[PDB]
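As numbered in full-length UniProt numbering, residues 1025 to 1191 make up the sequence shown, in order. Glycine included, C-beta positions come from ideal geometry on N, C-alpha and C. Following: one structure in C-alpha cells, then a few remarks.
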Amino acid sequence: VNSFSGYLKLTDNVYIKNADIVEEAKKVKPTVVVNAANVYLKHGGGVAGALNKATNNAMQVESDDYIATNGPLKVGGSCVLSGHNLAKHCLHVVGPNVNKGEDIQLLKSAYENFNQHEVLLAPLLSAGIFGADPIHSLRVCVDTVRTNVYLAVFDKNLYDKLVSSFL
Ligand SMILES: CCC(CC)NC(=O)c1ccnc2[nH]c(O)nc12
C-alpha cells in the first residue's frame, strides 16, 4: 500500500489521474518525481518549468552544477538529482522533442529509465510542449514500464480522452 489517492488503474502497474504534478508531489512527497527534462536541464516551461518554479529555482541551480560537471544528457537518458521540497529524488528524463525533430523511437528508451525505480510519480513523456501524441506516449509507457507508475495529467480534457481511448 502507498499514499497515491484517486488514481484510475490502467494495468497491473500503471495508474492515471487528472492532477497537477506539482500539487501531487507536494501532497504525496513521493520517493521519485519524474521531470520532463531536456538534455541541458534548462527547466524553462512545461512540466520542468513548473516543477522548478515550485522549488524556488533550487532545481535549476542544482541542475546547472550537474551540467557543468557532467555535460548534457542524451535524448532518451536520465539522471537522478534531488527532489527538493517536492519528493525525495527527481528523475530527470529526456524524451524526444518532436518540435526539435528528434526520433520518436527514443521514447521507449526514455521510459526504460523508469524501470530503475520501484514507484514513480510522472508525467507522460514527450507530451505537452515536447510535441508527441500523448495517446502514443501512454501506449509506450504501458508497454515499457514494469515498475509502478502514477501518471499525472494536467489537462482534464486530455485525461478523459486518454482514458476513453485506452486499449
Ligand atoms: C506532459 C506535458 C503537458 C501535458 C498537458 N504538461 C505541461 O506542460 C505542464 C505545464 C505546467 N505545469 C504542469 N503540471 C503538470 O502535471 N503538467 C504541467
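Quick one: grab the DSSP three-state call for residue i.
i, result
"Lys1033", "strand"
"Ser1161", "helix"
"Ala1176", "strand"
"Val1085", "helix"
"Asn1094", "helix"
"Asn1123", "helix"
"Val1057", "strand"
"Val1169", "coil"
"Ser1102", "strand"
"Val1025", "coil"
For the alpha helix (DSSP H) holding residue i, just list the boundary residues, first then last.
i, result
"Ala1111", "Segment: none, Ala1111 is in no alpha helix (DSSP H) and carries neither H nor E."
"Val1063", "Careful: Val1063 lies outside any alpha helix (DSSP H) and carries neither H nor E."
"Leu1182", "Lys1180 to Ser1188"
"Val1071", "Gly1070 to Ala1078"
"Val1046", "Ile1045 to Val1052"
Do residue i and residue j have their CB atoms nearer than 7 Å?
i, j, result
"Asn1059", "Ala1072", "yes"
"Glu1142", "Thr1168", "no"
"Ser1102", "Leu1131", "no"
"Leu1032", "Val1063", "no"
"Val1173", "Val1038", "yes"
"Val1187", "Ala1156", "no"
Grab me the residues of residue i's own chain with a C-beta within less than 6 Å of its C-beta, minus the 5 sequence neighbours each way, in chain order.
i, result
"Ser1027", "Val1052"
"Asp1044", "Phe1178"
"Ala1134", "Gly1100, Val1117, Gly1119 and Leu1149"
Near residue i, which residues of its chain fall below 8 Å by C-beta distance, leaving aside the five closest residues on each side in sequence?
i, result
"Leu1075", "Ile1045, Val1046, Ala1049, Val1057, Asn1059, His1067, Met1083, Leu1110 and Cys1114"
"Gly1070", "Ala1060, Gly1152, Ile1153 and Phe1154"
How far does the beta strand (DSSP E) with residue i in it extend, from its first residue to its last?
i, result
"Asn1042", "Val1038 to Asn1042"
What does a CB cutoff of less than 7 Å around residue i pick up in its chain, not counting 5 residues either side in sequence?
i, result
"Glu1086", "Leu1105 and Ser1106"
"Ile1159", "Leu1186 and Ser1189"
- [ ] Would you list, in sequence order, the uninterrupted beta strand (DSSP E) runs of no fewer than 3 residues that lie entirely inside the stretch 1125-1154?
- [x] 1143-1146
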